[PDB]
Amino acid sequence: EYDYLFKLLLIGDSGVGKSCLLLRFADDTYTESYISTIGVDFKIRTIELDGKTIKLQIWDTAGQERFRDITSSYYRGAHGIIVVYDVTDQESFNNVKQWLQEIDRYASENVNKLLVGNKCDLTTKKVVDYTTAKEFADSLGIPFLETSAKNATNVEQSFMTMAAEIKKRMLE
């Protein structure tokens, strides 16, 4: 059982590692093989926060951003949305603004937001500096972390940070 159930969604440009982030967190696996669908709509991981048991239900886009678009209902039912970009791809960071506008168009009014810059292991290809993305996130009052699904860097922390934000909003 659990004290709380939080529904999370990862959004962002195709191929930034959203599915790899989910699979690393929920299953502790990583592959470079191409992923269209993960065989389920969501994965589950149960965490502990402040002595409370929190079931996290984390939904995958099923690659719908590859050739079409994310449906509005996927936005509306989330308690928190993680916007992911690829630190080696300037365009994916530029498009974070558009993903935030989609959240404003379709998500719940009080949804929690978190910015993640993934593939932080690719040091020689990195083009979005930590300071650039942190300044942007700070300007919106949204938390920000850099992650590596491949090396597991900050992946658990990213989901724990989102859970902490949601719990704080729920208790207020």
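Note that residue numbering follows the sequence shown and begins at 1.
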Of 37-45 and 99-107, which one has the bigger average CA B-factor? 37-45
Stretch exceeding the other in mean C-alpha B-factor - 19-27, 159-167: 159-167
Scanning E65, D129, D60, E146 for peak Cα temperature factor in the entry gives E65
Can you tell me which of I70, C120, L114, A133 has the highest Cα temperature factor in the record? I70
Chain thirds by Cα B factor, record data; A137 belongs to the lowest
Would you please rank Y74 by its C-alpha temperature factor against the other modelled residues of its chain and give the third it falls in: lowest, middle or highest? highest
